[PDB]
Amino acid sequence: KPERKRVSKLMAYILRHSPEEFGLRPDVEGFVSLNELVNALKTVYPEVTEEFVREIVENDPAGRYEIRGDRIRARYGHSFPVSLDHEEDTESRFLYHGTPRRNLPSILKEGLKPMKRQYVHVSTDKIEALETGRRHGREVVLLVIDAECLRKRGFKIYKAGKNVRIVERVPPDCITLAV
């Protein structure tokens, strides 16, 4: 577990934020070559192999990554434009987003915004929404989001991870609770 986490974190940095810093040029869908990713990871962790990367992908509890044949991408979290063909979530009734309490005044005016990312990220799981919020501050609130409000306003909700969902933004009308 302790070797998988460090390598997985570098995988997220390369596939979500700065692939070009490792000489990788993603296609429009966010995929890079699996062999090219392995060599990029080896510049930092020389023991990494293709099999180890496949093990990381297969066992990742959030569904962070996707392999198609010999290509790989992050499924969410990107800070550069990507065209994603994820299935839409039409089943969830409520979604969750944890954020520092200090952001509540701004969020209740503008809704959730993507900030440095392409998409707003939310969750089907309360604990994980709150643990995500806790990365940004100690005093955190749980936002409860009416998923049908989002769909009625035209915002597609995409099944990006096992629990993670992404959407272009969350207007403040779609927030039913702040606890």
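In case it trips you up, residue 1 is the first one in the sequence shown, and so on.
- With 11 to 19 and 152 to 160 compared on mean CA B-factor from the PDB entry, the stretch scoring higher is 152 to 160.
- Between 2 to 10 and 169 to 177, the higher mean Cα B-factor belongs to 2 to 10.
- Which of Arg138, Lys126, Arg64, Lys113 has the largest Cα B-factor in the deposited entry comes down to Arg138.
- Reading the B-factor column for the CA atoms of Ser83, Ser106, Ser79, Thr99 in the entry, the top value corresponds to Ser83.
- When the CA B factors of the chain's modelled residues are split into thirds, the value for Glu55 lands in the highest one.
- In the deposited entry, the Cα temperature factor of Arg117 places it in the lowest third of its chain's modelled residues.
- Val48: CA B factor in the highest third of modelled residues in this chain (values from the PDB entry).
- In the deposited entry, the Cα temperature factor of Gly69 sits in the top third of values across the chain's modelled residues.
- Per the deposited record, the Cα B-factor of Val144 falls in the lowest third when ranked against the other modelled residues of its chain.
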